[PDB]
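Following: one structure in structure tokens, then a few remarks.
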Amino acid sequence: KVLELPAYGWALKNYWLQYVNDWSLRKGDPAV
Amino acid sequence: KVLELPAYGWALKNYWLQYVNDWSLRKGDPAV
Amino acid sequence: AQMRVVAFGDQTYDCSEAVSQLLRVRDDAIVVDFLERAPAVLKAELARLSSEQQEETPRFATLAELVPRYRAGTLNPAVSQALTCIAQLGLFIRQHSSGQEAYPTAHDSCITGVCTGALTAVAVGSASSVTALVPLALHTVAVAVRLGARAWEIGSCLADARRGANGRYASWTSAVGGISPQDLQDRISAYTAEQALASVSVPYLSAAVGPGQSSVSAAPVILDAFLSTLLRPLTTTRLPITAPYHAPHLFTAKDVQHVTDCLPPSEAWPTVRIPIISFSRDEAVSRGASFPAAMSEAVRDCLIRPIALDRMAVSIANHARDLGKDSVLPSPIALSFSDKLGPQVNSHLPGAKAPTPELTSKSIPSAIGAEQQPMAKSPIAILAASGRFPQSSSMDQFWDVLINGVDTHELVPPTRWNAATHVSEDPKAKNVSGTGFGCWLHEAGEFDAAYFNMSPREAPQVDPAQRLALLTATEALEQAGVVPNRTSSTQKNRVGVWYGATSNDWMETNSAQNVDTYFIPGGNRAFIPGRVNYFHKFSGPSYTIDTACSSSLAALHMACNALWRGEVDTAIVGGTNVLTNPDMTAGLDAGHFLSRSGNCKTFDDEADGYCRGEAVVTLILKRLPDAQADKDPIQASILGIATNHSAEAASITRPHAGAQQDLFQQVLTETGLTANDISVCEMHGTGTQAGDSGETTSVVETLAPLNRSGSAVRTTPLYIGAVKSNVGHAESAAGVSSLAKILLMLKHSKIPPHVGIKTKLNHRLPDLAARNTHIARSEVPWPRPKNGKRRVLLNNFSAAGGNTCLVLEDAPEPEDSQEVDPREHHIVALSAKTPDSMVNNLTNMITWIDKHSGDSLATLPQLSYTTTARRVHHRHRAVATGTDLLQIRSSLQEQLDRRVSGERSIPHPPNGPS
Amino acid sequence: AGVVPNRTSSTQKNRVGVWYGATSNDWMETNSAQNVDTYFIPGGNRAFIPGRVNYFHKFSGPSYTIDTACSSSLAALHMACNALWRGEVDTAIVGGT
Amino acid sequence: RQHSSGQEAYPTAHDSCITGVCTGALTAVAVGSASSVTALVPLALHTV
Amino acid sequence: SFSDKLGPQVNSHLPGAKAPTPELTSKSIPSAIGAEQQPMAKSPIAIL
Amino acid sequence: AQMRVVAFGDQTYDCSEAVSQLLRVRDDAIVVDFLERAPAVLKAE
Amino acid sequence: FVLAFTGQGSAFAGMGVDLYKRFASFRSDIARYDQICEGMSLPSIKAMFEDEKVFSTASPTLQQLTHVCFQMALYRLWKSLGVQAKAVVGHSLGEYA
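Chains as they are written, first to last, in the entry's author numbering: chain S, 1257 to 1288; chain H, 1257 to 1288; chain A, 5 to 918; chain V, 484 to 580; chain Z, 98 to 145; chain Y, 340 to 387; chain E, 5 to 49; chain L, 919 to 1015.
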């Protein structure tokens, strides 16, 4: 019989790429 | 019997949005 | 010395229930084949009808569409006759194939029928086995269609559909009781001589049912006019026969020959071996004639001869008296007044009527593996489910947020995108959004890279959807206790991985700021299931499905099809939605989809859209026998699922309720469940007034029908709720989130409260109280019925017009051996790919032990089994031994103390011991 | 193919599914994303590729978009053939773009 | 297949007999304990 | 195996032997329209 | 007056081609059901 | 559409024989009418669409029956092609049909 044992103890670390400089609001403008 | 008659004569027109100002090469830069 | 009679009935018998029973049969290959081939022959024969008659015939994909029309009385004579024949033949075949009945023989059995059973009578007296019967049965179905069409044509020529019909087909005959046939004939003759009717429109005596009863047929108007002339103590009853039959003054041999012109000529036709009793004809016994000749005789009797129904019994008994027998064991199929057949027949015999024996148990057991039902349309068991939801990291925290009725919506955190620049109440700039709220996962970027053989630089460029899919898939596989290659059903090549996704925000806004080697593999959606197939070394299909806001359910459907077809023995069905591209929210707002105030106010009178909610979910699926043989933890079962499109909508986006109701009725019919069987309905409930009202109306109409008196048909309450008020709209994982809620509710036997309704109910909805349906505002007990199951209906709709829905059932009753493990000492093993993970596993294991210290004695043996035979053992290892659970706890605690003190863990040597 | 909706039993509006195979949506990432408007999501999203078909010809059967990197079209064909074999639909419009 | 798709009359105790060799005696027993293909399939699985 | 010799060997012990020459055949009843096609499970998928 | 004998062979007779033939049969439902149920019983044993 | 019906003025030999041969519905309607008429003890009207050599010696009752049967069959044939009558006018015999 399979019991509901705890989950694996993931050694979690933060891997994240950050949206920066609000470029998505200038999709089409030049460097003005 | 179905014959291979020509296709419908579409009254085609050009609907296009143009990628402008080369903003995809600056995904993250400020205006400066 | 006991004869048997196979007696079939006419259209008087209501055969809708028999049709449904036959359609529900699953465990008989021959019956399934016959029920699959009959509709095709029927449609082919219907395509050969006249122009007038083809506009009065409905379109049906399966015989499941002719039952409601047969009940409503809106079925034309041809289709009704064909359906009667199909029902009779299917009942006989099911009795004599699955029922293990000896086929009738010319020494102990006879056949009989009345005006539609004379066709099946010859069809059954010609064959000698079910396999030898199926093709003759299909021929007979075609002949019945033609017979009905001919009678319908003559009738429609003889009269017109009255202006007050409105779909129904008026009766052409009526039973008259209280006067002998020889006197009702005189009454008819006098009425004819007086009214001066045409010889073709005159009423006629269509049957002699008894010594003081008969059946008189005529056109509706003339029939009513003549019946009004009949006075007491004569009784009149209206039969459901919709065309003229048994009219020598309306049909000739030309019609008979036309009816039987769908049977190609040949010298290979079988004769009839089982004698057929033809009481209407001059000679009662009919044997030796070929198949088409006897078929034409039957058609002639049904169109030209009057039913001598007052001489059937005397005929059958006579047959029995010819062979020296002394009793009759009637075996009627779809016959009316069958209960009297046996006594009526035996009244003429010297006696010796005796009872019958038992069914003899199941009559031998089925070999292990042969007790199942075919893989086609089998229940799909759910083994385990894991997920990450807003303000949660497990299914238990999900239940915590649900049962407490929390609203998880909040402004956009600075990790995704700013709000002082990306949002405005009156958007004047480009790409700016009017809303900024959403239900997020604040630990989306939290991954164990080393566990999955991923570099520190490869990981930041993988879409968080892929990372969370890997995490949840691993967790769900652990919970299900399935190891690759462990058993037949878990072989690495029998495991497919379906998923549902609708965006690649990471590629568009996050990893596109600097393209690198992992750009494409990190971002592309096929890699979501590709990584799960690769890491676990699964060599089966790997698909991603994009149906917008139904993907996870659509993907689910795909998986089930595979499970039903045999492509895979196990499925890993997931659904992910992580929001990182602001323009997607801006465009959903500019399209007027997002609530500008807060969460989804489902059923609220001020519902003005929905709220976006991140979520990842993964589930493990197998066929029910596969999970039962492997001894897996079964949470729920899926009985059916279907999809269609809202094509008749008034626009591309807005929904349509008729298609939704059709879908619900289709799934209910395929699953064989009435409206009362369902107890809960997890509605799509996006929080739109029009959409909410339409979905509620469709759901209540399907599951909470209102009686003609205005009362309710449900004898038990029905509850409806929407997850999206708590956690929001996922747009790719909404179906899996709803399924997770249903699983948790089945686990805890509770119905959570509803939080969407903030101010007042929506005035557009039907009167739920009158229909016996409720929206629980406070948590409600949902106990599992004893000796029964709890059944649920789940729906998921998309902005592109796609509608998916499924039916869930409670898992079977678990029956453990309950035997005592005779052993004394037991082992508990733990493993990890990192020393820190080893410490975490030890800590969590001691915590679980503390929670489960005093459960029972089987806990330690079962824990040892789960830790040893149902796990994958990594490099870093730890073990404990004990005779009881406290010894295990103490040993593991000492090991944890050693590890924490500074005793670093070392992986075991790769080769192992010698 | 010379097939008209409702012409025959196999071309009824409710017996026609639409499977499509797509792997990218570039228009909504670089072309129509330069000015988001009312049709941003209906146009860009892949789920409408088959859906629009279903809408225009009033086909009321399933409508799927598949994404298998570079096997999308054959995977969609496999799904359509599974639907035909099982009996969900009588006709399929299998595409790839 | 011979006696179902081939439309062959099932053997009877008056016009037919069964026989087999080392592995064929099991099938002979299975076939002699049935009167039709439907009555044969479960015995066939038992024999397998 | 070696079945072709079974008949001659068996009949060798019987008088006459009535050398079996059965043909039968001609036992293909026509199928009702729509009943000739194989089941829709595992059927060819035509391209139009 | 002509009896018939149903005679079955042993492992000497190669039967791979007969197995393939039975596998490709599609116009008999009973045969398809038998060949779908036999592998399950074999696996269970 | 307004459907005008004609009297017994222009009933010529072998009229409506092309339709009786090139349309199965027309033939079925004519056979149905013939069977009904013979049921009513009326003379058979079948040869009037097959022989074409009995028109010369056709009795007035036979001629009128042929005219009315032809009118009914022709109207039904035209209706099956999608003709929606808005009003019906007749003549000496054109009123009945």
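Here a beta-carbon is modelled for each residue, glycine too, at the ideal position from N, C-alpha and C.
Measuring alpha carbon to alpha carbon, tell me which of the options ends up nearest residue i.
i	options	result
residue 3 (chain A)	A:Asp330, A:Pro296, A:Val349	It is not possible to answer for residue 3 (chain A), since the shown part of chain A is limited to 5 through 918.
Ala202 (chain A)	A:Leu162, A:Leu209, A:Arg191	A:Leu162
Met511 (chain V)	A:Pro359, A:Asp634, A:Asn435, A:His323	A:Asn435
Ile761 (chain A)	A:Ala223, A:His912, A:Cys604, A:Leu667	A:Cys604
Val920 (chain L)	L:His1009, L:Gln1002, L:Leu1011	L:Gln1002
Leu999 (chain L)	A:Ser55, A:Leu93, A:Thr196, A:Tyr173	A:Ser55
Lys1257 (chain S)	A:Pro911, A:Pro637, A:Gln517, A:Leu722	A:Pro637
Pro1262 (chain S)	A:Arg768, A:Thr871, A:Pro81	A:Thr871
Cutting at 7 Å between CB atoms, please list the residues of its own chain near residue i, excluding the five before and the five after it.
i	result
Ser928 (chain L)	none
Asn497 (chain V)	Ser543, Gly544
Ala552 (chain V)	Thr506
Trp273 (chain A)	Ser294, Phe295, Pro296
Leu415 (chain A)	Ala423, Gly440, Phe441
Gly182 (chain A)	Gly216, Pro237, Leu238, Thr239
Residue i by DSSP, collapsed to three states: which one?
i	result
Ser543 (chain V)	coil
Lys997 (chain L)	helix
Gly121 (chain A)	helix
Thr675 (chain A)	helix
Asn537 (chain V)	helix
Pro334 (chain A)	strand
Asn322 (chain A)	helix
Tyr951 (chain L)	helix
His446 (chain A)	coil
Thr494 (chain A)	helix
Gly591 (chain A)	helix
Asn1270 (chain H)	coil
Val10 (chain E)	strand
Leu53 (chain A)	coil
Can you give me the Cβ contacts of residue i inside the same chain, cut-off strictly under 8 Å, excluding the 5 residues immediately before and after it?
i	result
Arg41 (chain A)	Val138, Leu142
Below 8 Å on the Cβ atoms is my guess for residue i versus residue j; work out the distance and round it to an integer in Å.
i	j	result
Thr506 (chain V)	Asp550 (chain V)	5 Å
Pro533 (chain V)	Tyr522 (chain V)	Wrong, their Cβ atoms sit about 17 Å apart, outside the cutoff.
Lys754 (chain A)	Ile407 (chain A)	6 Å
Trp1272 (chain S)	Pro464 (chain A)	7 Å
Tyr614 (chain A)	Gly504 (chain A)	About 18 Å; that fails the 8 Å criterion.
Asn766 (chain A)	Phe607 (chain A)	6 Å
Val811 (chain A)	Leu643 (chain A)	5 Å
Cutting at 6 Å between CB atoms, please list the residues of its own chain near residue i, excluding the five before and the five after it.
i	result
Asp593 (chain A)	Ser437, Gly438, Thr439
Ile682 (chain A)	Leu707, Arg795, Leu797
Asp509 (chain A)	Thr584, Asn585
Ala127 (chain A)	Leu140, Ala141, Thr144
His426 (chain A)	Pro586
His878 (chain A)	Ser835, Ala836, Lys837
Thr984 (chain L)	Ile963, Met966
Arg874 (chain A)	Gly485
Could you name the residues of chain B that residue i contacts, counting a contact when the two beta carbons are closer than 7 Å?
i	result
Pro1286 (chain S)	Absence of chain B from the displayed structure is noted, the protein chains being S, H, A, V, Z, Y, E and L.
Report the start-end ranges of each beta strand (DSSP E) in the stretch 194-272 of chain A that is 3 residues or longer and not cut off at the edges. Considered as a whole, the stretch 194-272 of chain A harbours 208-211, 217-221, 239-242 as its complete beta strand (DSSP E) runs of no fewer than 3 residues, in chain order.
Extract the residue ranges of the alpha helix (DSSP H) inside the stretch 653-708 of chain A, only unbroken runs of 4 or more that lie entirely within it. DSSP runs (the alpha helix (DSSP H)) wholly in the stretch 653-708 of chain A: 661-675, 693-707.
Considering only residues of the stretch 760-840 of chain A, which uninterrupted alpha helix (DSSP H) runs meet the minimum length of 4 residues and lie entirely inside it, listed in chain order? Whole alpha helix (DSSP H) segments, 4+ residues: 772-775.
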